[PDB]
Structure formats: structure tokens, C-alpha cells
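Have a look at the structure below before the remarks.
Quick reminder, even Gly has a Cβ in these numbers, built from the backbone with ideal geometry, and neighbours come from all protein chains shown. Nothing in this text is a laboratory measurement; each read-out follows from the coordinates by a stated rule.
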Amino acid sequence: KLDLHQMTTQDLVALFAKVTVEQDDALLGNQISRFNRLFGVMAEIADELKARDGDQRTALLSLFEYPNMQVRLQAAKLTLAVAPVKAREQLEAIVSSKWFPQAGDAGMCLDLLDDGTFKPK
């Protein structure tokens with residue numbers, strides 16, 4: 001439950017990538033309590049970026065080339081509202097990569113998107 005209002009948008013992007021790399025690390029190490037807290041932090045970052053003029057979730061698009069599949073997945077999931085075409089394309093690439101478990105998460109996201117009851121953002 002953090003005040004991130006004072007952080008620059010660039011610092012938020014860098015912290016988003018750091019915490020989502022650590023999500024990936026946590027999952028691999030079965031450190032589930034740590035994963036859950038890192039997820040909450042990540043969500044707070046995305047909410048702060050969304051609250052900024054223009055919807056600054058757009059700044060997470062830079063992370064689609066980040067060398068970590070969890071970072072790429074989360075960045076694509078959290079940009080579906082601001083960049084549906086680009087975000088969908090990245091999720092499709094994650095599915096094509098067959099890199100599990102991120103590819104199954106991306107597959108389910110795309111299934112929900114295709115159903116249409118679920119729409120972001």
C-alpha cells in the first residue's frame with residue numbers, strides 16, 4: 001500500500017521491471033509470499049502510471065523487449081487498454097514462444113479477450 005506519487009515516470013518503469021524480474025525469480029524459487037507482495041507493488045506502479053496525464057501505462061511498452069518473460073507478459077497485460085493492437089501482438093508472441101508458464105497465462109488472457117465479456121481498461 002504505497003505512495004508512488006512522488007516518483008518520476010521513468011523511475012516507475014525501471015521499478016516495474018525490477019519487481020517483475022523478482023516475480024519471475026520468486027515463482028521459480030517457490031517463494032509465493034514474496035511473489036504476491038511483488039505483484040501488489042507492480043499493480044500499484046501501473047495504477048500510478050495510469051493516474052498520470054495521458055495514461056502513462058503507455059510508457060511500459062518499452063519493456064516488450066526486456067530480457068525476462070514475466071516482465072514482457074505483465075507489460076503486455078497492463079498495456080491492453082492503452083495499446084490494444086501492440087499488447088495483443090506481444091501476448092501472441094509469448095504464446096508462440098511456448099515458454100511456460102507465461103505462455104499459458106498469455107493464452108488465457110487472449111481467450112478472455114476473444115470472449116469479449118472481459119475488456120480492459
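I'm trying to understand the selection: among the residues of the range 96-121, which are in contact with a helix residue (DSSP H, G or I) (Cβ under 8 Å, 6 or more places away or on another chain), closer than 20 Å to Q23 by Cβ, part of a helix (DSSP H, G or I) and not small (G, A, S)?
Listed by number, the residues that qualify are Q102, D105, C109.
Looking only at residues in the range 1-25 that are hydroxyl-bearing (S, T, Y) and touching a helix residue (DSSP H, G or I) at 6+ places or on another chain (Cβ under 6 Å), which one is nearest to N68 (Cα to Cα)? So that I can check it myself, show each step before the final result.
Restricting attention to the range 1-25, the residues satisfying the condition of being hydroxyl-bearing (S, T, Y) are 8-9, 20.
Next, only the ones that are touching a helix residue (DSSP H, G or I) at 6+ places or on another chain (Cβ under 6 Å) stay: 9, 20.
Numbers: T9: 21, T20: 9 Å.
Once the filter is applied, the top-ranked residue is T20.
Would you pick out the residues in the range 48-58 that are more than 21 Å from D24 (Cα to Cα) and buried (at least 17 other Cβ atoms within 10 Å of the Cβ)?
Step one: list which residues in the range 48-58 are more than 21 Å from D24 (Cα to Cα), which gives 48-56, 58.
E48, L49, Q56, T58 - these are the residues of the range 48-58 that are more than 21 Å from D24 (Cα to Cα) and buried (at least 17 other Cβ atoms within 10 Å of the Cβ).
Can you work out which of the residues in the range 15-28 that are in contact (Cβ under 8 Å) with a residue 40 or more places away in the chain and aliphatic (A, V, I, L, M) is nearest to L78 (Cα to Cα)?
Applying the first criterion (in contact (Cβ under 8 Å) with a residue 40 or more places away in the chain) to the range 15-28 yields 16-17, 20-21, 23-24, 27.
From the residues that got through so far, the ones that are aliphatic (A, V, I, L, M) too are 17, 21, 27.
Numbers: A17: 13, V21: 15, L27: 19 Å.
For the range 15-28, the residue satisfying everything is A17.
Scan the range 45-60 and tell me whether some residue there is charged (D, E, K, R) and over 26 Å from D3 (Cα atoms). Give the steps one after another, and end with the answer.
First pass over the range 45-60, keeping only residues charged (D, E, K, R): 47-48, 50, 52-53, 55, 57.
From the residues that got through so far, the ones that are over 26 Å from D3 (Cα atoms) too are none.
Checked the range 45-60: no residue is charged (D, E, K, R) and over 26 Å from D3 (Cα atoms).
List pairs: first in the range 29-53 and more than 16 Å from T8 (Cα to Cα), second surrounded by 13 or more Cβ atoms within 10 Å (Cβ to Cβ) and charged (D, E, K, R), Cβ under 8 Å, 6+ apart or cross-chain?
So the pair list comes out as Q31/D25; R34/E22; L38/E22.
Looking only at the range 85-106, which residues are surrounded by 15 or more Cβ atoms within 10 Å (Cβ to Cβ), small (G, A, S) and under 20 Å from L27 (Cα atoms)?
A103, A106
With the requirement that a residue be surrounded by fewer than 14 Cβ atoms within 10 Å (Cβ to Cβ) and under 18 Å from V85 (Cβ atoms), what does the range 112-121 give you? Before the answer, list the steps.
So in the range 112-121, the residues surrounded by fewer than 14 Cβ atoms within 10 Å (Cβ to Cβ) come out as 112, 114-119.
Once the filter is applied, which keeps residues that are surrounded by fewer than 14 Cβ atoms within 10 Å (Cβ to Cβ) and under 18 Å from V85 (Cβ atoms), the range 112-121 yields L112, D114, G116, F118, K119.
Quick test of your reading of the structure: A43 fulfils all but one of (1) more than 10 Å from the chain's Cα centre (by Cα); (2) surrounded by fewer than 19 Cβ atoms within 10 Å (Cβ to Cβ); (3) within 23 Å of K86 (Cα to Cα). Name the failing condition by number.
(1) is the only condition that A43 fails.
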